[PDB]
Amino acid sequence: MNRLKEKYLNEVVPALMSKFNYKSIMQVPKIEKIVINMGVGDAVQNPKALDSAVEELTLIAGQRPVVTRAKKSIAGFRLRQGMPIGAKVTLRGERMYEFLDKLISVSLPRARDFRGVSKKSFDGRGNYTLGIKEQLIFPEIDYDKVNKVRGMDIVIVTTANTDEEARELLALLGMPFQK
């Protein structure tokens, strides 16, 4: 099976069982999905920036993204709800583990003046948000084939009830948290 899923089952689960003393394996947190988002605030006025985001996400995630849109509202330069504002791709299963394994071992360390990732960016519901400054850290991206360096966000959704349990799950999986 996938290297990281094996580490999860053989090392992480028993470690979480010991760390939180769950009643059974069914209560142990797992990563459920990883949502890779590339905001293109404009996109409406710059169709090409959205197109680039869509292609780069396809390269980064090995899966086709979906366009994200603005939610209901009042003001926003008149006209707003429904306008494209970026693109996202949600990974599950084997592809999700492959992506995270590479993210942890290859991409994140390649970040400019890398000093580890934030231990604080959790949403209070057990999910981790990783703000990425430059999409260039992904080996699937080639600077010479992109219109420009840009950032993105990666949300790692877990089945943990709390940030504390999700953080331990991610640390045990190898997430290079700042220290």
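The first residue of the shown sequence is 1; numbering continues from there.
Asker: Test of understanding: from the entry's C-alpha B-factors, which stretch has the higher mean, 130-138 or 29-37?
Answerer: Stretch with the higher mean C-alpha B-factor: 130-138.
Asker: Decide which of the stretches 39-47 and 53-61 has the higher mean C-alpha B-factor, going by the entry.
Answerer: Per the PDB record, 39-47.
Asker: If I read the C-alpha B-factors straight from the PDB entry, which of 89, 106, 85, 96 is highest?
Answerer: Result of the comparison over 89, 106, 85, 96: 106.
Asker: If you rank every modelled residue in this chain by C-alpha B factor, which third holds residue 179: lowest, middle or highest?
Answerer: CA B-factor rank for residue 179: highest third.
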